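Given as structure tokens, the chain that follows is alone and in the form deposited in one PDB entry.
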């Protein structure tokens, strides 16, 4: 099918990869918090072992998030999506770096530095960026498939 089908499909797949990225960043946050609460309990016998398996689960979900994000970046943007795509990038790198620092803080037993990070603010900023992306994508998508402004070229360095 059709070249507008390729373009419209691309927008849905880009959204799908960002959805997966965001989901897996949230799962990373959950896993890290589960690890932290284990480290705040009377140690060994209970946990001290669990805390490690949970931190490893956080590493895994975060690597999966980064994989989805790389797949996102592999799909050329529509020119009208470049600005919101860059805003996604800015917030993603900040939250991704925040979660990698959390992993590190817990890996060395540093719950104080874990609690000290303003993680929630960075999560919220990503969430809001992801929402603005989805608004812009959906409105372009409508234009494309009702011919109201296909575009209909990918960004490219011609």
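Residue numbers count along the first chain shown, from 1. Residues that one form lacks are left out of the comparison. By rigid core we mean the largest C-alpha set that fits within 1.5 Å across both forms.
Not pictured, yet referred to below: the form deposited in another entry.
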message: If you fit the rigid core and then compare C-alpha positions between the shown form and the other one, only one of 132, 48, 64, 100 moves by 2 Å or more. Name it.
response: 48
message: Given a core-based superposition, decide whether the C-alpha of residue 23 shifts by 2 Å or more between the shown form and the other one.
response: no
Rigid core superposed: residue 150 CA moves 2 Å or more between the shown form and the other one: yes
- prompt: Do the C-alpha atoms of residue 149 and residue 127 sit closer or farther apart in the other form than they do here, given a shift of 3 Å or more?
  reply: farther
query: Is the CA-CA spacing of residue 82 and residue 151 tighter or wider in the other form than here, given a 3 Å or more change?
result: farther
field: After core alignment, residue runs (3 or more) whose Cα moves 2 Å or more between the shown form and the other one
entry: 44-49, 148-151
